[PDB]
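**Q** Can you read through this structure? Questions will come right after.
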Amino acid sequence: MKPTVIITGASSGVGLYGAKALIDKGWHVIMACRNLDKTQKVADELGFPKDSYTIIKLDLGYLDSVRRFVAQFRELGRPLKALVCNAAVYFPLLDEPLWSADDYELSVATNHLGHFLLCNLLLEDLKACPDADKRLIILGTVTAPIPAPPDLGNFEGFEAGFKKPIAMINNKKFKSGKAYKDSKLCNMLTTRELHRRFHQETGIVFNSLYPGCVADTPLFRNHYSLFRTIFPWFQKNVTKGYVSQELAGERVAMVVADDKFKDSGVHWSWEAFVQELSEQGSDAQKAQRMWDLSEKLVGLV
Ligand SMILES: NC(=O)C1=CN([C@@H]2O[C@H](COP(=O)(O)OP(=O)(O)OC[C@H]3O[C@@H](n4cnc5c(N)ncnc54)[C@H](OP(=O)(O)O)[C@@H]3O)[C@@H](O)[C@H]2O)C=CC1
């Protein structure tokens, strides 16, 4: 009966409060999380009604776990109306790179490659769903806390198979902050390419979303702590573009469910949401390369 949405990384921050807001709207939320105990705990602490959500294990750092999640979701027999790619990792105090179960640098492997496989797999479920209005939302960047800009180069690391000791998409020296930025740029390019390749054929809406500066989540906590040691007058709610976790989740819920956000191939940013189209140019060319190589790394070919 209830429309069904999958949210990755729903045990914390934006994903958790997006699930809360979507449950309030009458949806059934699949909480695709790696830590089943932590997820159940925070779902109870916020009083989620048990008939409105289901917890299924997903570890985006293990490609076979991504396939196992899809198999387990299909066992439920719920038609898939929406997918929110929300989970992300950032390691602000990392000197040397960490590796995924498939020997890919952890940030890109989790934030991008895991989601990339999940989107390509779940595209068949979104197609099979009979609803006219079906949406795939990707949490992205500000425009279409870390001052270093992302730089994919010519994907030399991807072209070489991206296996360790390769640590960056352009095969340069590992930097954990730039690694996060590079992986979030890949999310944005995935949205561009999903729209270009599949919107006309399938009718599915493919958009990215910047919910605002959600300073209270754990993601950038170390940056805020470092700010306080230098500026002791500093609090998180004074950050530029600060939004609460509850409001961020409501904005996710709007982009998933509301009629105002039916256009495909745009980036929603924040107040009543500014829209940015993803047209053509230089990043459209990068997106095509990003897609082709990512298919090889995740075993789709
Ligand atoms: N916070 C901000 O200010 C901004 C955030 N964003 C985007 O919003 C999204 C959420 O960020 P935020 O909510 O702040 O970060 P949080 O750390 O608060 O939530 C991160 C979520 O990702 C999940 N996750 C991490 N690794 C994996 C994995 N390998 N497999 C499955 N789930 C995983 C975590 O699970 P666990 O609970 O087990 O850690 C957690 O639930 C991200 O995509 C981020 O890029 C964009 C702009 C600003």
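If you're wondering about the labels, chains in the structure tokens are A, B, ... by order shown, residues count from 1 in each chain, ligands from 1 in order shown.
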Give as a PyMOL selection string the residues surrounding ligand 1 up to a distance of 6 Å, considering only C-alpha atoms and all ligand atoms.

**A** chain A and resi 8-15+33-35+58-61+86-89+110+139-141+210+212-215+217-219

**Q** Those residues with N, CA and C atoms, as a CSV table (one decimal), in the first residue's frame please?

**A**
chain,number,residue,atom,x,y,z
A,8,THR,N,20.0,5.0,1.7
A,8,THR,CA,21.3,4.4,2.2
A,8,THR,C,21.8,5.3,3.3
A,9,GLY,N,22.4,4.7,4.3
A,9,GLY,CA,23.0,5.5,5.4
A,9,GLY,C,21.9,6.2,6.2
A,10,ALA,N,20.9,5.5,6.6
A,10,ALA,CA,19.7,6.1,7.3
A,10,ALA,C,19.9,6.0,8.8
A,11,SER,N,21.1,5.6,9.3
A,11,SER,CA,21.3,5.4,10.7
A,11,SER,C,21.9,6.7,11.4
A,12,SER,N,22.0,7.8,10.6
A,12,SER,CA,22.7,9.0,11.1
A,12,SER,C,22.3,10.1,10.2
A,13,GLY,N,22.3,11.3,10.8
A,13,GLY,CA,22.3,12.6,10.0
A,13,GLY,C,21.2,12.7,9.0
A,14,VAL,N,21.5,13.2,7.8
A,14,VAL,CA,20.5,13.5,6.8
A,14,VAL,C,19.6,12.3,6.5
A,15,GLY,N,20.3,11.1,6.4
A,15,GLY,CA,19.5,9.9,6.0
A,15,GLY,C,18.5,9.5,7.0
A,33,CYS,N,21.4,0.1,5.8
A,33,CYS,CA,22.5,0.5,6.7
A,33,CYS,C,23.4,-0.7,7.0
A,34,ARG,N,24.6,-0.3,7.4
A,34,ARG,CA,25.6,-1.4,7.7
A,34,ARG,C,25.6,-1.9,9.1
A,35,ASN,N,25.1,-1.1,10.0
A,35,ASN,CA,25.2,-1.4,11.5
A,35,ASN,C,23.7,-1.6,11.9
A,58,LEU,N,23.3,-3.2,4.5
A,58,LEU,CA,24.0,-2.7,3.3
A,58,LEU,C,25.4,-2.1,3.7
A,59,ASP,N,26.4,-2.7,3.2
A,59,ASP,CA,27.8,-2.1,3.4
A,59,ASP,C,28.3,-1.7,2.0
A,60,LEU,N,28.3,-0.4,1.7
A,60,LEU,CA,28.6,0.1,0.4
A,60,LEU,C,30.1,-0.1,0.1
A,61,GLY,N,30.9,-0.4,1.0
A,61,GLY,CA,32.3,-0.7,0.8
A,61,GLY,C,32.6,-2.1,0.4
A,86,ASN,N,22.4,8.4,-0.1
A,86,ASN,CA,22.7,9.3,0.9
A,86,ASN,C,24.0,9.0,1.7
A,87,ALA,N,24.3,7.8,1.9
A,87,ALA,CA,25.5,7.4,2.7
A,87,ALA,C,26.8,8.0,2.2
A,88,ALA,N,27.7,8.3,3.1
A,88,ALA,CA,29.0,8.8,2.7
A,88,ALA,C,29.9,8.7,3.9
A,89,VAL,N,31.2,8.5,3.5
A,89,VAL,CA,32.3,8.6,4.5
A,89,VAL,C,33.3,9.7,4.2
A,110,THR,N,33.1,3.8,-1.2
A,110,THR,CA,31.8,3.9,-0.5
A,110,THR,C,30.9,4.9,-1.1
A,139,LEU,N,22.5,12.6,-3.0
A,139,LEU,CA,23.1,13.7,-2.2
A,139,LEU,C,24.4,14.1,-2.8
A,140,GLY,N,24.6,15.4,-3.1
A,140,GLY,CA,25.7,15.9,-3.9
A,140,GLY,C,26.4,17.0,-3.2
A,141,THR,N,26.9,17.9,-4.1
A,141,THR,CA,27.7,19.1,-3.6
A,141,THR,C,26.8,20.4,-3.7
A,210,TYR,N,21.5,19.3,-2.7
A,210,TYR,CA,22.3,19.9,-1.7
A,210,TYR,C,21.4,20.4,-0.5
A,212,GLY,N,21.9,21.8,2.3
A,212,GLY,CA,22.4,22.8,3.2
A,212,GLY,C,23.5,22.3,4.0
A,213,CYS,N,24.0,23.2,4.9
A,213,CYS,CA,25.1,22.9,5.8
A,213,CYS,C,24.6,22.2,7.1
A,214,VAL,N,24.6,20.9,7.1
A,214,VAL,CA,24.0,20.2,8.2
A,214,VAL,C,25.1,19.9,9.3
A,215,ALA,N,25.5,21.0,10.0
A,215,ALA,CA,26.6,21.0,10.8
A,215,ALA,C,26.5,20.0,12.0
A,217,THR,N,25.5,16.8,12.0
A,217,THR,CA,25.8,15.4,11.8
A,217,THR,C,27.3,15.2,12.1
A,218,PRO,N,27.6,13.9,12.3
A,218,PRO,CA,29.1,13.6,12.6
A,218,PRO,C,30.0,13.8,11.5
A,219,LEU,N,29.5,14.0,10.2
A,219,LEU,CA,30.4,13.9,9.0
A,219,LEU,C,31.6,14.9,9.1

**Q** Range 99-107 of chain A: which residues within 8 Å, counting only C-alpha atoms, same-chain residues fewer than 4 positions away excluded, as a PyMOL selection string?

**A** chain A and resi 61-63+88-91+111-112+162-164+166-168+176+179-180+183

**Q** List every residue of range 1-197 of chain A that DSSP, applied to the backbone of this structure, assigns to helix (DSSP H, G or I), and report them as a ChimeraX atom specification.

**A** /A:13-24,36-45,50-52,63-76,106-128,156-159,176-197

**Q** What lies within 6 Å of residue 84 in chain A using only C-alpha atoms, ignoring chain neighbours under 4 positions off, as a list in words?

**A**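 Within the cut-off, the hits are residues 7, 137 and 138 of chain A.
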
**Q** With N, CA and C atoms kept, could you save the residues just selected as a PDB file, in the first residue's frame?

**A**
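File written: out12.pdb
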ATOM      1  N   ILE A   7      16.654   4.386   1.481  1.00  0.00           N
ATOM      2  CA  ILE A   7      17.607   5.424   1.861  1.00  0.00           C
ATOM      3  C   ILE A   7      18.858   4.740   2.397  1.00  0.00           C
ATOM      4  N   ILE A 137      17.330  10.020  -6.181  1.00  0.00           N
ATOM      5  CA  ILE A 137      17.921  11.240  -5.650  1.00  0.00           C
ATOM      6  C   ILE A 137      19.311  10.915  -5.125  1.00  0.00           C
ATOM      7  N   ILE A 138      20.277  11.762  -5.459  1.00  0.00           N
ATOM      8  CA  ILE A 138      21.653  11.592  -5.018  1.00  0.00           C
ATOM      9  C   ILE A 138      22.069  12.825  -4.224  1.00  0.00           C
TER      10      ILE A 138
END

**Q** Neighbouring residues of residue 189 in chain A were defined as those with any atom within 10 Å, considering only C-alpha atoms; residues of the same chain fewer than 4 positions away were excluded. Please report them as a list in words.

**A**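 Counting only the stated atoms, we get residues 140, 144, 183, 184, 185, 193, 194, 195, 208, 278, 283, 284, 285, 286, 287, 288, 289, 290 and 291 of chain A.
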
**Q** Using C-alpha atoms, can you export the residues from the last selection as a JSON list (two decimals), in the first residue's frame?

**A**
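Below you can see result39.json, which holds the result:
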[["chain", "number", "residue", "atom", "x", "y", "z"],
["A", 140, "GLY", "CA", 25.71, 15.86, -3.91],
["A", 144, "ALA", "CA", 26.69, 21.59, -10.32],
["A", 183, "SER", "CA", 33.76, 11.08, -4.74],
["A", 184, "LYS", "CA", 31.01, 13.70, -4.33],
["A", 185, "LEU", "CA", 31.76, 15.11, -7.78],
["A", 193, "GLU", "CA", 24.53, 10.52, -16.72],
["A", 194, "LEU", "CA", 21.49, 8.76, -15.25],
["A", 195, "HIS", "CA", 19.28, 11.51, -16.66],
["A", 208, "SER", "CA", 20.79, 15.65, -7.11],
["A", 278, "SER", "CA", 22.69, 19.82, -15.95],
["A", 283, "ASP", "CA", 31.49, 18.21, -17.26],
["A", 284, "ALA", "CA", 29.07, 16.32, -19.51],
["A", 285, "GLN", "CA", 32.13, 14.84, -21.23],
["A", 286, "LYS", "CA", 33.78, 13.95, -17.91],
["A", 287, "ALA", "CA", 30.54, 12.35, -16.74],
["A", 288, "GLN", "CA", 30.50, 10.00, -19.73],
["A", 289, "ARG", "CA", 34.08, 8.87, -19.00],
["A", 290, "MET", "CA", 33.33, 8.57, -15.27],
["A", 291, "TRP", "CA", 30.38, 6.30, -16.07]]

**Q** So which residues of range 100-234 of chain A fall under strand (DSSP E) by DSSP, listed as a list in words?

**A**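 Everything in range 100-234 of chain A that counts as strand (DSSP E) is residues 135, 136, 137, 138, 139, 205, 206, 207, 208, 209 and 210 of chain A.
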
**Q** From the list A:274, A:30, A:204, A:160, which residue is nearest residue 293 in chain A when using only C-alpha atoms?

**A**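 The closest residue to residue 293 in chain A is A:160.
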
**Q** Tell me which protein, DNA and RNA residues are within 12 Å of residue 258 in chain A, counting only C-alpha atoms, leaving out same-chain ones fewer than 4 positions away, and put them as a list in words.

**A**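 Everything that qualifies: residues 22, 25, 133, 134, 135, 250, 251, 252, 253, 254, 262 and 263 of chain A.
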
**Q** Could you save those same residues with N, CA, C and O atoms as a compact mmCIF listing (two decimals), in the first residue's frame?

**A**
# COMPACT_ATOMS: atom_id res chain seq x y z
N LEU A 22 10.02 11.16 5.66
CA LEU A 22 9.28 10.36 4.69
C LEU A 22 8.25 9.47 5.37
O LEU A 22 7.15 9.26 4.83
N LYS A 25 5.28 11.39 6.02
CA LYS A 25 4.51 11.59 4.79
C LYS A 25 3.74 10.35 4.36
O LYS A 25 3.02 10.43 3.36
N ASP A 133 5.31 8.35 -11.25
CA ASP A 133 6.27 9.26 -10.64
C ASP A 133 7.24 8.45 -9.79
O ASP A 133 6.90 8.01 -8.68
N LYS A 134 8.45 8.26 -10.30
CA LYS A 134 9.50 7.52 -9.62
C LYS A 134 10.79 8.32 -9.71
O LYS A 134 11.10 8.90 -10.76
N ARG A 135 11.53 8.38 -8.60
CA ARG A 135 12.66 9.30 -8.48
C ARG A 135 13.88 8.62 -7.88
O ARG A 135 13.77 7.77 -6.99
N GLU A 250 13.64 16.95 5.96
CA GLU A 250 12.41 17.39 5.29
C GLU A 250 12.68 17.81 3.85
O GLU A 250 11.83 17.60 2.98
N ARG A 251 13.85 18.38 3.58
CA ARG A 251 14.16 18.77 2.21
C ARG A 251 14.39 17.54 1.33
O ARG A 251 13.97 17.51 0.17
N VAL A 252 15.03 16.51 1.88
CA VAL A 252 15.12 15.22 1.20
C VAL A 252 13.72 14.70 0.88
O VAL A 252 13.43 14.28 -0.24
N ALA A 253 12.83 14.73 1.88
CA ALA A 253 11.48 14.22 1.69
C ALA A 253 10.73 14.98 0.61
O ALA A 253 9.98 14.38 -0.17
N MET A 254 10.92 16.30 0.54
CA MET A 254 10.26 17.10 -0.49
C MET A 254 10.71 16.69 -1.88
O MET A 254 9.89 16.44 -2.77
N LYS A 262 9.27 17.56 -9.78
CA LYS A 262 9.04 16.53 -10.78
C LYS A 262 10.00 16.61 -11.96
O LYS A 262 10.13 15.62 -12.70
N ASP A 263 10.66 17.74 -12.18
CA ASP A 263 11.60 17.85 -13.29
C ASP A 263 12.82 16.97 -13.04
O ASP A 263 13.27 16.81 -11.91

**Q** If I take CA of residue 171 in chain A and CA of residue 206 in chain A, how far is one from the other in Å, to one decimal?

**A**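 CA of residue 206 in chain A lies 29.5 Å from CA of residue 171 in chain A.
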
**Q** Write out as a list in words each polymer residue whose atoms come within 10 Å of residue 120 in chain A, counting only C-alpha atoms; drop sequence neighbours fewer than 5 positions from it.

**A**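 Returned residues: residues 115, 125, 194, 295 and 300 of chain A.
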
**Q** Check the smallest atom-to-atom distance from each of A:181, A:260, A:78, A:57 to residue 38 in chain A using only C-alpha atoms, then report the winner.

**A**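 For residue 38 in chain A, the nearest of the candidates is A:57.
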
**Q** For the atom pair CA of residue 247 in chain A and CA of residue 266 in chain A, what is the interatomic distance in Å to one decimal place?

**A** 20.7 Å
